[PDB]
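Step one of this worksheet: look at the structure below.
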Amino acid sequence: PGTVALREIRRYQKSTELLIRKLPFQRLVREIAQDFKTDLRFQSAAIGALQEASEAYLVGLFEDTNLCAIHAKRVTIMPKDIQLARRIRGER
Amino acid sequence: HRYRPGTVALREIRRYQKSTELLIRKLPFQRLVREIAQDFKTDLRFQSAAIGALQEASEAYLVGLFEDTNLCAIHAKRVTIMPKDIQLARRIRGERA
Amino acid sequence: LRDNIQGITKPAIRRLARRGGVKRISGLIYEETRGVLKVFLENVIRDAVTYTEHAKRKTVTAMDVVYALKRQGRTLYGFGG
Amino acid sequence: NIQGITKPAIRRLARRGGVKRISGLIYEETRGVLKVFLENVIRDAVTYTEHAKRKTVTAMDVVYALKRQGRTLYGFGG
Amino acid sequence: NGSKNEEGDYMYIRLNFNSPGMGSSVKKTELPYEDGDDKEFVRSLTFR
Amino acid sequence: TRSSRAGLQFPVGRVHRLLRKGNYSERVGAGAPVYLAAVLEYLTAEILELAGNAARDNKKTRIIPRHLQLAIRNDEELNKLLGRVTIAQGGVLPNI
Amino acid sequence: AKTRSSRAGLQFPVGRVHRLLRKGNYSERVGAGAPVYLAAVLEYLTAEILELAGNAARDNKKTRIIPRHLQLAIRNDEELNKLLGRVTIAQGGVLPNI
Amino acid sequence: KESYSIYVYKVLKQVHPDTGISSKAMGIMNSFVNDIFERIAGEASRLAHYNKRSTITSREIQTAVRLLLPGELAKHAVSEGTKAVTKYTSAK
Amino acid sequence: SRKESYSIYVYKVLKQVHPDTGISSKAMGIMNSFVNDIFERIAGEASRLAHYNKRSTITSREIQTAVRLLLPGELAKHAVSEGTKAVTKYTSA
Amino acid sequence: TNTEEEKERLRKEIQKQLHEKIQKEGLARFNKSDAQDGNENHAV
Amino acid sequence: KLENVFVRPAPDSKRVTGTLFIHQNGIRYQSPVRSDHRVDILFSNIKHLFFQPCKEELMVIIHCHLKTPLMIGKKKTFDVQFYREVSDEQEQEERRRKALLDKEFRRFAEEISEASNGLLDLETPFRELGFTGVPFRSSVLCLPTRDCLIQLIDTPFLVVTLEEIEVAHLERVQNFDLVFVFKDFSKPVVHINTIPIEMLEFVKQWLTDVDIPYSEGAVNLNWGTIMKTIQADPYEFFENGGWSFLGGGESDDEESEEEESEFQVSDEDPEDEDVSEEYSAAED
């Protein structure tokens with residue numbers, strides 16, 4: 001336990017391709033946009049940029065969470081590590 | 001009588017979160033500022049308000065950093081802040097690479 | 001659209017964690033992350049839409065997203081700028 | 001002049017920050033961090049001063065240098 | 001090592017002795033007891 | 001005066017001149033400075049209201065920087081707005 | 001040497017930078033050497049980045065530079081990454097770091 | 001040299017009649033006003049340049065207020081600004 | 001419509017630096033975004049300095065000190081040297 | 001740089017000999033019997 | 001005899017000048033203020049004898065590193081240092097005083113080596129081969145000698161005998177740290193922290209010229225756990241592969257990454273247009 005996970009880490013760090021599925025993400029974005037103005041249109045590049053920014057943000061957040069979890073002498077990331085990371089970043 | 005290590009600590013915490021006065025002596029900070037500045041250009045002058053502003057900013061920065069350090073220390077299930085806590089806080093902020 | 005947050009599948013969050021270097025992941029993370037992502041997108045989209053509505057347009061363009069990100073210090077190269 | 005930041009002063013700053021117990025290396029670590037911060041801020045201020053063709057560092061230079069870092073300060077003429 | 005506890009009108013002392021498994025920081029070269037798989041040990045005594 | 005016509009206390013002429021001399025646009029419409037003055041007046045009124053409340057809470061009749069810091073860091077929306085600013089002689093909130 | 005780029009030995013357009021500085025609402029007046037200085041700086045910085053991007057693309061046995069190599073060049077250079085620490089690169093991936 | 005001290009004092013006496021203000025707090029309030037002005041004007045300028053317009057009108061100011069302030073605060077501020085603009089425009 | 005981009009200039013610089021290397025379209029988009037971003041940063045800081053000092057002209061000194069503020073040590077030194085060299089030779093010519 | 005790097009190949013070759021030498025010394029210094037309480041020393 | 005000498009560690013809280021005497025089987029330090037504050041050091045117990053001249057320092061030194069530790073006052077010490085501070089036309093007089101004190105202390109250190117009947121060699125540090133680092137709590141100049149790596153200026157003293165080193169590990173090579181592991185695994189490892197990266201290739205060369213194996217790593221290791229595992233079974237440690245962290249050959253099937261297949265199809269515009277005469281109105 002812990003070898004295929006490292007192999008997958010290595011694999012996914014060698015690559016750049018987006019990890020969240022494109023159409024579920026489109027539907028999520030439309031659902032969220034449905035509150036601020038009814039029946040909006042979106043460019044495809046807008047959704048692509050949103051996905052790139054979201055994945056970059058989440059990867060940075062997982063980096064900080066991993067740092068905190070290692071600090072606690074652990075290897076498992078827990079929600080309180082996320083909360084501490086978002087607190088120190090200054091996130092609300 | 002004999003205080004348990006930490007009662008005077010809490011008294012001081014209460015006392016210093018109430019006051020606003022500068023906790024660094026003025027002349028040492030001025031000497032430090034002049035020592036640092038002398039490495040960029042000789043014969044520089046500082047308005048007293050510049051030193052005051054620098055001291056306010058430096059203490060505010062250090063207090064925020066100590067708050068983050070305290071948060072990290074409590075996260076690790078401890079009470080004593082350590083240099084690794086400071087390094088972790090500065091890394092998470094994005095200050096050290 | 002109703003409750004499409006579950007389109008961020010558990011293996012997707014696991015892949016994002018592996019790219020982030022996480023070896024072992026607690027089961028409450030996935031929901032945590034989902035909420036975080038929601039709050040992020042709601043903050044970015046509210047600004048992008050604000051730009052789109054101010055240009056008196058009806059389509060959200062890539063430059064609207066770019067400006068919304070730039071406002072948060074999230075400058076993005078590759079899609080214009 | 002970096003030894004002018006005595007141990008009691010760092011203790012005072014940690015107590016206002018709510019810290020209950022302090023290691024022994026915290027003092028040197030804090031001195032290093034403060035030195036880095038002050039180095040950056042004074043470098044920016046001196047850049048502003050040289051550009052303004054002055055030999056005295058004003059409060060406006062410090063305020064603009066803090067605005068440059070994102071550490072906006074109120075109450076000094078900003 | 002030992003511990004002391006106060007309980008009502010009585011004071012308790014627990015005395016702990018060296019036993020294998022619950023060992024001291026001593027290296028493998030010098031034991032405070034003679035080597036013996038068949039040896040039984042007094043691990044602790046509690047007095048009041 | 002243009003402040004009177006809009007029922008305001010902040011200056012319209014000064015703000016128009018600052019917008020004109022600030023290299024912001026080739027020309028400046030006449031409804032921008034009135035709107036911006038109204039916003040600034042509203043925000044300062046909110047700030048001063050909470051700071052006066054905080055100063056009365058301490059039984060003082062004059063506002064010092066400490067009360068401004070308490071009013072800012074105690075109001076969620078203001079504290080989110082003024083999230084990066086440090087106030088000289090403002091101190092910190094009591095938090096153990 | 002007709003073009004102002006030639007008179008300065010540059011490759012970036014002095015004229016376009018001048019037009020953007022003027023028709024950009026930055027200041028009432030513009031100098032004569034500010035566009036030249038800025039074009040020189042921009043050309044130098046692009047050359048600086050392209051050197052390391054070429055190095056990274058040659059370390060991966062590739063003839064074309066892609067966003068991956070730009071990401072590698074930026075995140076591997078101490079000064080560039082400090083300059084570009086708050087910038088997201090599309091299709092840039094991450095740095096191998098275990 | 002100009003400042004906002006008298007206007008801040010008038011506003012204070014409008015909201016709190018029996019309350020004064022120190023000079024250091026008046027300085028801080030002047031710095032605060034200047035800061036918020038600078039933020040709003042920079043956002044308005046960026047918006048005007050995005051939309052290819054030579055003019056800063058009340059629409060730019062309103063949308064910059066919406067971009068900058070949080071929900072309830074932005075709502076109240078827009079209410080105040082619209083009220084003042086209509087009252088000024090109705091008269092002359 | 002004639003859209004403006006720095007693509008040809010990046011090709012020129014690349015061939016100057018790496019004659020046997022090519023750039024993808026997306027890498028050129030990134031480079032264009034970078035150039036525009038740096039121009040915006042420098043022009044905004046130059047304007048801020050000019051307003052700080054009650055000036056109505058952007059001269060090469062403002063740009064030089066903006067480069068001093070933005071770039072780190074060695075980068076600032078080399079870019080300042082390059083800019084002064086180019087400005088000197090443009091003036092001389 | 002070719003000459004300096006060939007001196008650096010000799011530097012690496014020396015370092016490789018040193019690691020192989022210490023590996024052979026360690027195996028000669030510690031015997032299976034020594035690991036199992038060599039020369040008596042049975043927890044005196 | 002050598003007069004007006006200070007001893008470290010001091011036998012009494014008060015710093016007092018004393019006289020150092022050469023005897024038949026050792027040296028004696030003797031304070032003039034109290035006869036009871038004598039420090040006797042046998043030649044048989046000296047491991048290393050250093051002379052450090054006053055050239056860029058304000059003091060001249062005669063350092064004795066001991067095989068067995070001595071009780072001086074209340075402190076157990078392996079190190080006994082004898083020194084004099086020179087810190088007092090003036091620049092010429094200071095240079096003359098430095099040169100006189102260096103000549104006096106050097107001669108006396110040679111007379112100690114002679115009196116030992118060839119048991120003790122006099123070592124002098126190679127200043128040109130020195131590098132800066134943090135073995136304890138201050139940044140100090142570490143100086144190589146013939147047989148040892150030393151720091152004698154500040155207390156606590158560093159004396160590392162090169163022959164006692166089993167392996168050197170360079171941590172955070174990606175400032176670096178240097179770790180010395182000794183042949184005696186019971187002895188704690190010595191750390192020299194915060195060495196400038198500019199000195200890395202010099203330190204690697206110097207370790208090679210001294211026949212010390214080295215290894216490099218991006219991470220700081222938990223030597224306190226590693227040395228306990230090695231102490232528990234030294235034989236099994238060498239059986240597996242010992243140092244040079246070889247591992248189990250290929251840990252995971254190599255998956256590669258570079259395929260020499262250029263992607264991102266892009267038209268080679270090269271000398272393209274889409275700009276022509278970018279409007280260049282020469283207003284200023």
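To be explicit about the labels: the chains of the structure tokens are called A, B, and onward in the order shown, and within each one the residues are counted from 1, while ligands get numbers from 1 in the order they are shown.
Residue neighbourhood of residue 81 (chain B), excluding near-sequence residues (fewer than 3 positions): residues 69, 70, 73 and 85 of chain B; 21, 22 and 23 of chain D, at 7 Å, using only C-alpha atoms.
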Include C-alpha atoms and write out the residues we just selected as an mmCIF file, in the first residue's frame.
data_model
loop_
_atom_site.group_PDB
_atom_site.id
_atom_site.type_symbol
_atom_site.label_atom_id
_atom_site.label_comp_id
_atom_site.auth_asym_id
_atom_site.auth_seq_id
_atom_site.Cartn_x
_atom_site.Cartn_y
_atom_site.Cartn_z
ATOM 1 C CA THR B 69 2.939 30.578 14.095
ATOM 2 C CA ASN B 70 0.695 30.052 17.119
ATOM 3 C CA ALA B 73 1.838 25.185 16.805
ATOM 4 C CA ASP B 85 6.542 26.372 12.767
ATOM 5 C CA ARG D 21 5.535 29.101 25.243
ATOM 6 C CA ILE D 22 8.604 30.058 23.229
ATOM 7 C CA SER D 23 11.570 27.970 22.086
#
Do you have, as JSON lines, the list of residues of chain D lying at most 8 Å from chain B, each with its nearest atom pair and that distance in Å to one decimal, counting only C-alpha atoms and ordered by chain then number?
{"residue": "D:1", "atom": "CA", "partner": "B:32", "partner_atom": "CA", "distance": 4.9}
{"residue": "D:2", "atom": "CA", "partner": "B:32", "partner_atom": "CA", "distance": 6.0}
{"residue": "D:4", "atom": "CA", "partner": "B:28", "partner_atom": "CA", "distance": 5.0}
{"residue": "D:5", "atom": "CA", "partner": "B:28", "partner_atom": "CA", "distance": 7.0}
{"residue": "D:9", "atom": "CA", "partner": "B:24", "partner_atom": "CA", "distance": 6.0}
{"residue": "D:12", "atom": "CA", "partner": "B:23", "partner_atom": "CA", "distance": 6.6}
{"residue": "D:13", "atom": "CA", "partner": "B:63", "partner_atom": "CA", "distance": 6.1}
{"residue": "D:14", "atom": "CA", "partner": "B:66", "partner_atom": "CA", "distance": 6.0}
{"residue": "D:15", "atom": "CA", "partner": "B:13", "partner_atom": "CA", "distance": 4.6}
{"residue": "D:16", "atom": "CA", "partner": "B:16", "partner_atom": "CA", "distance": 4.7}
{"residue": "D:17", "atom": "CA", "partner": "B:63", "partner_atom": "CA", "distance": 5.2}
{"residue": "D:18", "atom": "CA", "partner": "B:13", "partner_atom": "CA", "distance": 5.8}
{"residue": "D:19", "atom": "CA", "partner": "B:70", "partner_atom": "CA", "distance": 6.0}
{"residue": "D:20", "atom": "CA", "partner": "B:9", "partner_atom": "CA", "distance": 6.0}
{"residue": "D:21", "atom": "CA", "partner": "B:80", "partner_atom": "CA", "distance": 4.4}
{"residue": "D:22", "atom": "CA", "partner": "B:80", "partner_atom": "CA", "distance": 5.2}
{"residue": "D:23", "atom": "CA", "partner": "B:82", "partner_atom": "CA", "distance": 5.6}
{"residue": "D:25", "atom": "CA", "partner": "B:83", "partner_atom": "CA", "distance": 6.5}
{"residue": "D:26", "atom": "CA", "partner": "B:83", "partner_atom": "CA", "distance": 5.7}
{"residue": "D:29", "atom": "CA", "partner": "B:83", "partner_atom": "CA", "distance": 6.4}
{"residue": "D:34", "atom": "CA", "partner": "B:58", "partner_atom": "CA", "distance": 7.3}
{"residue": "D:37", "atom": "CA", "partner": "B:58", "partner_atom": "CA", "distance": 7.8}
{"residue": "D:38", "atom": "CA", "partner": "B:58", "partner_atom": "CA", "distance": 7.6}
{"residue": "D:39", "atom": "CA", "partner": "B:36", "partner_atom": "CA", "distance": 6.8}
{"residue": "D:42", "atom": "CA", "partner": "B:37", "partner_atom": "CA", "distance": 6.7}
{"residue": "D:43", "atom": "CA", "partner": "B:40", "partner_atom": "CA", "distance": 7.4}
{"residue": "D:46", "atom": "CA", "partner": "B:40", "partner_atom": "CA", "distance": 7.8}
{"residue": "D:55", "atom": "CA", "partner": "B:44", "partner_atom": "CA", "distance": 5.5}
{"residue": "D:56", "atom": "CA", "partner": "B:45", "partner_atom": "CA", "distance": 4.1}
{"residue": "D:57", "atom": "CA", "partner": "B:46", "partner_atom": "CA", "distance": 4.7}
{"residue": "D:58", "atom": "CA", "partner": "B:47", "partner_atom": "CA", "distance": 5.6}
{"residue": "D:59", "atom": "CA", "partner": "B:50", "partner_atom": "CA", "distance": 4.4}
{"residue": "D:60", "atom": "CA", "partner": "B:50", "partner_atom": "CA", "distance": 8.0}
{"residue": "D:62", "atom": "CA", "partner": "B:50", "partner_atom": "CA", "distance": 6.3}
{"residue": "D:63", "atom": "CA", "partner": "B:53", "partner_atom": "CA", "distance": 7.8}
{"residue": "D:71", "atom": "CA", "partner": "B:57", "partner_atom": "CA", "distance": 7.8}
{"residue": "D:73", "atom": "CA", "partner": "B:57", "partner_atom": "CA", "distance": 7.5}
{"residue": "D:76", "atom": "CA", "partner": "B:53", "partner_atom": "CA", "distance": 7.2}
Distance limit 8 Å, atoms considered: only C-alpha atoms. Which chain J residues sit that close to chain E? Return them as a compact mmCIF listing (two decimals) with N, CA and C atoms, in the first residue's frame.
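Printed below is iface.txt as written:
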# COMPACT_ATOMS: atom_id res chain seq x y z
N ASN J 41 30.36 -11.36 25.71
CA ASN J 41 29.56 -10.11 25.79
C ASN J 41 28.07 -10.45 25.68
N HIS J 42 27.62 -11.49 26.38
CA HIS J 42 26.18 -11.89 26.36
C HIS J 42 25.43 -11.08 27.41
N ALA J 43 25.23 -9.78 27.18
CA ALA J 43 24.53 -8.90 28.15
C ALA J 43 25.09 -9.13 29.55
N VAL J 44 26.38 -8.84 29.75
CA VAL J 44 27.05 -9.08 31.07
C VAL J 44 26.19 -8.49 32.19
Next on the checklist: Using only C-alpha atoms, I'd like every residue of chain G that has an atom within 10 Å of chain C; please write them out as a PyMOL selection string.
Outcome noted: chain G and resi 67+84-98
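Across the model, the gap from CA of residue 33 (chain F) to CA of residue 24 (chain H) is 27.5 Å.
Using only C-alpha atoms, the part of chain I that sits within 10 Å of chain D is made up of residues 45, 48, 49, 52, 53, 61, 62, 64, 65, 66, 68, 69 and 70 of chain I.
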Dump as a PDB file, in the first residue's frame, selection limited to N, CA, C and O atoms:
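So the final result, stored in selection03.pdb, reads:
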ATOM      1  N   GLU I  45       3.389  51.675 -13.010  1.00  0.00           N
ATOM      2  CA  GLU I  45       4.308  52.140 -11.978  1.00  0.00           C
ATOM      3  C   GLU I  45       4.965  53.460 -12.364  1.00  0.00           C
ATOM      4  O   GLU I  45       5.188  54.325 -11.507  1.00  0.00           O
ATOM      5  N   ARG I  48       2.471  56.072 -11.635  1.00  0.00           N
ATOM      6  CA  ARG I  48       2.390  56.286 -10.197  1.00  0.00           C
ATOM      7  C   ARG I  48       3.536  57.158  -9.707  1.00  0.00           C
ATOM      8  O   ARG I  48       3.331  58.065  -8.898  1.00  0.00           O
ATOM      9  N   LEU I  49       4.748  56.910 -10.205  1.00  0.00           N
ATOM     10  CA  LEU I  49       5.882  57.751  -9.831  1.00  0.00           C
ATOM     11  C   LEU I  49       5.692  59.182 -10.309  1.00  0.00           C
ATOM     12  O   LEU I  49       5.949  60.136  -9.564  1.00  0.00           O
ATOM     13  N   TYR I  52       3.319  60.809  -8.088  1.00  0.00           N
ATOM     14  CA  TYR I  52       3.924  61.025  -6.777  1.00  0.00           C
ATOM     15  C   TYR I  52       4.813  62.256  -6.779  1.00  0.00           C
ATOM     16  O   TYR I  52       4.877  62.984  -5.783  1.00  0.00           O
ATOM     17  N   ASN I  53       5.504  62.514  -7.888  1.00  0.00           N
ATOM     18  CA  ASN I  53       6.447  63.618  -7.926  1.00  0.00           C
ATOM     19  C   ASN I  53       5.906  64.825  -8.675  1.00  0.00           C
ATOM     20  O   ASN I  53       6.687  65.697  -9.068  1.00  0.00           O
ATOM     21  N   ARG I  61      14.190  57.994 -16.915  1.00  0.00           N
ATOM     22  CA  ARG I  61      14.525  57.825 -15.507  1.00  0.00           C
ATOM     23  C   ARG I  61      13.403  57.127 -14.762  1.00  0.00           C
ATOM     24  O   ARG I  61      13.653  56.235 -13.941  1.00  0.00           O
ATOM     25  N   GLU I  62      12.159  57.519 -15.030  1.00  0.00           N
ATOM     26  CA  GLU I  62      11.030  56.850 -14.404  1.00  0.00           C
ATOM     27  C   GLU I  62      10.995  55.380 -14.781  1.00  0.00           C
ATOM     28  O   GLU I  62      10.768  54.517 -13.926  1.00  0.00           O
ATOM     29  N   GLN I  64      13.553  53.561 -15.721  1.00  0.00           N
ATOM     30  CA  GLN I  64      14.707  52.926 -15.097  1.00  0.00           C
ATOM     31  C   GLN I  64      14.425  52.586 -13.643  1.00  0.00           C
ATOM     32  O   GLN I  64      14.703  51.470 -13.184  1.00  0.00           O
ATOM     33  N   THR I  65      13.855  53.530 -12.898  1.00  0.00           N
ATOM     34  CA  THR I  65      13.601  53.255 -11.489  1.00  0.00           C
ATOM     35  C   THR I  65      12.430  52.302 -11.314  1.00  0.00           C
ATOM     36  O   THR I  65      12.388  51.553 -10.333  1.00  0.00           O
ATOM     37  N   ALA I  66      11.502  52.274 -12.266  1.00  0.00           N
ATOM     38  CA  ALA I  66      10.473  51.245 -12.243  1.00  0.00           C
ATOM     39  C   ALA I  66      11.089  49.864 -12.405  1.00  0.00           C
ATOM     40  O   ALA I  66      10.728  48.926 -11.689  1.00  0.00           O
ATOM     41  N   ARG I  68      14.092  49.116 -11.592  1.00  0.00           N
ATOM     42  CA  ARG I  68      14.779  48.891 -10.326  1.00  0.00           C
ATOM     43  C   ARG I  68      13.833  48.370  -9.255  1.00  0.00           C
ATOM     44  O   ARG I  68      14.192  47.483  -8.474  1.00  0.00           O
ATOM     45  N   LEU I  69      12.609  48.895  -9.216  1.00  0.00           N
ATOM     46  CA  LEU I  69      11.648  48.429  -8.221  1.00  0.00           C
ATOM     47  C   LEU I  69      11.150  47.028  -8.536  1.00  0.00           C
ATOM     48  O   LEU I  69      11.069  46.178  -7.642  1.00  0.00           O
ATOM     49  N   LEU I  70      10.824  46.762  -9.795  1.00  0.00           N
ATOM     50  CA  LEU I  70      10.168  45.508 -10.141  1.00  0.00           C
ATOM     51  C   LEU I  70      11.151  44.345 -10.178  1.00  0.00           C
ATOM     52  O   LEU I  70      10.910  43.305  -9.556  1.00  0.00           O
TER      53      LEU I  70
END
Checklist entry - Residues of chain H within 12 Å of chain C, using only C-alpha atoms, as a ChimeraX atom specification? => result /H:39,42-44,46-53,58-71
Preceding selection exported with N, CA, C and O atoms as an mmCIF file, in the first residue's frame:
data_model
loop_
_atom_site.group_PDB
_atom_site.id
_atom_site.type_symbol
_atom_site.label_atom_id
_atom_site.label_comp_id
_atom_site.auth_asym_id
_atom_site.auth_seq_id
_atom_site.Cartn_x
_atom_site.Cartn_y
_atom_site.Cartn_z
ATOM 1 N N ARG H 39 -8.657 53.338 -5.177
ATOM 2 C CA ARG H 39 -9.115 52.030 -5.631
ATOM 3 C C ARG H 39 -10.249 52.174 -6.633
ATOM 4 O O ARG H 39 -10.232 51.565 -7.712
ATOM 5 N N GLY H 42 -9.089 53.687 -9.984
ATOM 6 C CA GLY H 42 -8.327 52.748 -10.789
ATOM 7 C C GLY H 42 -9.203 51.690 -11.429
ATOM 8 O O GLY H 42 -9.034 51.358 -12.607
ATOM 9 N N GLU H 43 -10.165 51.161 -10.671
ATOM 10 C CA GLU H 43 -11.105 50.216 -11.262
ATOM 11 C C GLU H 43 -11.924 50.857 -12.373
ATOM 12 O O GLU H 43 -12.130 50.251 -13.431
ATOM 13 N N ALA H 44 -12.398 52.087 -12.156
ATOM 14 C CA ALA H 44 -13.174 52.770 -13.183
ATOM 15 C C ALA H 44 -12.350 53.001 -14.440
ATOM 16 O O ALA H 44 -12.848 52.835 -15.559
ATOM 17 N N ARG H 46 -9.734 51.182 -15.469
ATOM 18 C CA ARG H 46 -9.546 49.905 -16.142
ATOM 19 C C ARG H 46 -10.805 49.486 -16.887
ATOM 20 O O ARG H 46 -10.729 48.972 -18.006
ATOM 21 N N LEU H 47 -11.973 49.722 -16.291
ATOM 22 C CA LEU H 47 -13.220 49.361 -16.953
ATOM 23 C C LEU H 47 -13.435 50.194 -18.207
ATOM 24 O O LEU H 47 -13.812 49.664 -19.259
ATOM 25 N N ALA H 48 -13.187 51.501 -18.111
ATOM 26 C CA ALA H 48 -13.326 52.373 -19.267
ATOM 27 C C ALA H 48 -12.399 51.934 -20.387
ATOM 28 O O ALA H 48 -12.788 51.925 -21.560
ATOM 29 N N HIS H 49 -11.166 51.556 -20.045
ATOM 30 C CA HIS H 49 -10.228 51.152 -21.080
ATOM 31 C C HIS H 49 -10.602 49.800 -21.661
ATOM 32 O O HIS H 49 -10.359 49.549 -22.848
ATOM 33 N N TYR H 50 -11.186 48.920 -20.851
ATOM 34 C CA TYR H 50 -11.702 47.668 -21.389
ATOM 35 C C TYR H 50 -12.819 47.924 -22.385
ATOM 36 O O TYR H 50 -12.864 47.306 -23.454
ATOM 37 N N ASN H 51 -13.727 48.837 -22.059
ATOM 38 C CA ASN H 51 -14.897 49.069 -22.889
ATOM 39 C C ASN H 51 -14.664 50.100 -23.979
ATOM 40 O O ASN H 51 -15.618 50.473 -24.669
ATOM 41 N N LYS H 52 -13.431 50.575 -24.145
ATOM 42 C CA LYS H 52 -13.086 51.537 -25.188
ATOM 43 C C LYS H 52 -13.948 52.798 -25.101
ATOM 44 O O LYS H 52 -14.669 53.156 -26.032
ATOM 45 N N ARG H 53 -13.870 53.463 -23.957
ATOM 46 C CA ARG H 53 -14.568 54.721 -23.748
ATOM 47 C C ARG H 53 -13.623 55.763 -23.176
ATOM 48 O O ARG H 53 -12.706 55.443 -22.415
ATOM 49 N N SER H 58 -21.235 57.699 -14.382
ATOM 50 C CA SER H 58 -21.751 57.072 -13.176
ATOM 51 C C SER H 58 -21.953 55.573 -13.334
ATOM 52 O O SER H 58 -21.996 54.858 -12.330
ATOM 53 N N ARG H 59 -22.051 55.079 -14.567
ATOM 54 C CA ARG H 59 -22.163 53.638 -14.765
ATOM 55 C C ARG H 59 -20.871 52.938 -14.387
ATOM 56 O O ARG H 59 -20.889 51.899 -13.715
ATOM 57 N N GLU H 60 -19.740 53.512 -14.789
ATOM 58 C CA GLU H 60 -18.454 52.949 -14.411
ATOM 59 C C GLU H 60 -18.268 52.992 -12.904
ATOM 60 O O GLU H 60 -17.785 52.029 -12.301
ATOM 61 N N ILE H 61 -18.657 54.100 -12.276
ATOM 62 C CA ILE H 61 -18.510 54.212 -10.831
ATOM 63 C C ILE H 61 -19.379 53.178 -10.132
ATOM 64 O O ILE H 61 -18.944 52.518 -9.181
ATOM 65 N N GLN H 62 -20.606 52.997 -10.617
ATOM 66 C CA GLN H 62 -21.506 52.034 -10.002
ATOM 67 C C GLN H 62 -20.971 50.615 -10.129
ATOM 68 O O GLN H 62 -20.988 49.847 -9.160
ATOM 69 N N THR H 63 -20.484 50.250 -11.313
ATOM 70 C CA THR H 63 -20.023 48.878 -11.469
ATOM 71 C C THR H 63 -18.700 48.645 -10.753
ATOM 72 O O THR H 63 -18.443 47.532 -10.285
ATOM 73 N N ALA H 64 -17.868 49.678 -10.615
ATOM 74 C CA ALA H 64 -16.669 49.537 -9.800
ATOM 75 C C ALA H 64 -17.020 49.360 -8.331
ATOM 76 O O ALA H 64 -16.388 48.565 -7.625
ATOM 77 N N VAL H 65 -18.040 50.077 -7.861
ATOM 78 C CA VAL H 65 -18.528 49.875 -6.503
ATOM 79 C C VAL H 65 -19.018 48.449 -6.324
ATOM 80 O O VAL H 65 -18.709 47.789 -5.324
ATOM 81 N N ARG H 66 -19.771 47.946 -7.300
ATOM 82 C CA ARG H 66 -20.251 46.572 -7.229
ATOM 83 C C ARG H 66 -19.094 45.582 -7.209
ATOM 84 O O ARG H 66 -19.121 44.600 -6.457
ATOM 85 N N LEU H 67 -18.067 45.823 -8.020
ATOM 86 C CA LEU H 67 -16.920 44.925 -8.031
ATOM 87 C C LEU H 67 -16.168 44.967 -6.710
ATOM 88 O O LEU H 67 -15.653 43.940 -6.253
ATOM 89 N N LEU H 68 -16.099 46.131 -6.078
ATOM 90 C CA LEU H 68 -15.185 46.280 -4.956
ATOM 91 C C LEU H 68 -15.826 45.934 -3.622
ATOM 92 O O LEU H 68 -15.208 45.245 -2.802
ATOM 93 N N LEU H 69 -17.034 46.381 -3.387
ATOM 94 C CA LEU H 69 -17.581 46.209 -2.055
ATOM 95 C C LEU H 69 -18.352 44.905 -1.940
ATOM 96 O O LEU H 69 -18.832 44.360 -2.939
ATOM 97 N N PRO H 70 -18.485 44.375 -0.731
ATOM 98 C CA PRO H 70 -19.255 43.142 -0.540
ATOM 99 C C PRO H 70 -20.749 43.416 -0.629
ATOM 100 O O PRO H 70 -21.210 44.558 -0.586
ATOM 101 N N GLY H 71 -21.506 42.327 -0.741
ATOM 102 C CA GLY H 71 -22.907 42.364 -1.121
ATOM 103 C C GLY H 71 -23.783 43.424 -0.488
ATOM 104 O O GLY H 71 -24.239 44.337 -1.177
#
Next on the checklist: Just list as number ranges by chain whatever in chain F DSSP marks as alpha helix (DSSP H).
Outcome noted: F: 2-5, 12-20, 31-57, 65-74, 76-81
